Amino acid sequence: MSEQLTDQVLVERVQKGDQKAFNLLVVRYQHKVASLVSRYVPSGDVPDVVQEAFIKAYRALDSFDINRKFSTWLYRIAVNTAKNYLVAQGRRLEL
DNA sequence: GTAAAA
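Sequential numbering of the first sequence, starting at 47, is according to the working numbering.
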């Protein structure tokens, strides 16, 4: 019974260099992190903002403290990546 | 870089 594995152990594996655990950890939260940022960007660009937030989560996962919440730190990165995309198209009409 | 919980 159960999956025997939790999101906590998925995060420690990617700190050891096992990106295979991050791959299974991304697709899991890819549904939740996308529901957050779809509220700030249109559904035509939302999968591109979600993937940028995951590449930022990988390069910062070796700086993440496993002794803290994995999801609260994941959701904060995708919505902060969402504001920066709105600045990346907010200057789209400027010169 | 991102740290309440979603």
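Where a beta carbon is used, it is the ideal one built from N, C-alpha and C, also for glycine.
### Message
Rounding to the nearest angstrom, what Cα-Cα distance links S117 and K102 in this structure?
### Response
The sequence position of residue 117 within the first sequence is 71, counting from 1. The sequence position of residue 102 within the first sequence is 56, counting from 1. Whole-angstrom Cα-Cα distance: 14 Å.
### Task
Note the first and the last residue of the continuous alpha helix (DSSP H) segment covering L56.
By one-based count along the first sequence, residue 56 stands at place 10. Start and end: 53-62.
### Task
In angstroms with no decimal places, state the Cα-to-Cα distance between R122 and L141.
Translated into positions along the first sequence, residue 122 becomes position 76. Translated into positions along the first sequence, residue 141 becomes position 95. Answer to the nearest angstrom: the Cα atoms are 31 Å apart.
### Message
Here's the rule: buried if 16 or more other CB atoms are within 10 angstroms of the residue's CB, otherwise exposed. What is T52?
### Response
On the first sequence, residue 52 is found 6 positions in, with the first residue counted as 1. In the assembly as shown, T52 is an exposed residue. Its beta-carbon has fewer than 16 other beta-carbons within 10 Å.
### Task
Hey, could you find the ends of the alpha helix (DSSP H) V96 is sitting in?
Taking the first sequence and counting its residues from 1, the one referred to as residue 96 is at position 50. Segment 92-105, the alpha helix (DSSP H) holding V96.
### Task
Go ahead and label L139 buried or exposed: buried means 16 or more other beta carbons lie within 10 angstroms of its beta carbon, across all protein chains shown.
Reading the first sequence from its first residue, position 93 is the one you call residue 139. Burial state of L139 is exposed, judged by a 10 Å Cβ sphere holding fewer than 16 other Cβ atoms.
### Task
Please classify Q76: does DSSP put it in a helix, a strand, or coil?
Position 30 of the first sequence, counted from the first residue, corresponds to residue 76. The DSSP-derived three-state label of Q76 is helix.
### Task
Assuming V133 contacts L82 (C-beta within less than 8 Å), just tell me the rounded distance between them.
Reading the first sequence from its first residue, position 87 is the one you call residue 133. Reading the first sequence from its first residue, position 36 is the one you call residue 82. Between the beta-carbon of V133 and that of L82 there is about 18 Å, and that puts the pair past the 8 Å contact cut.
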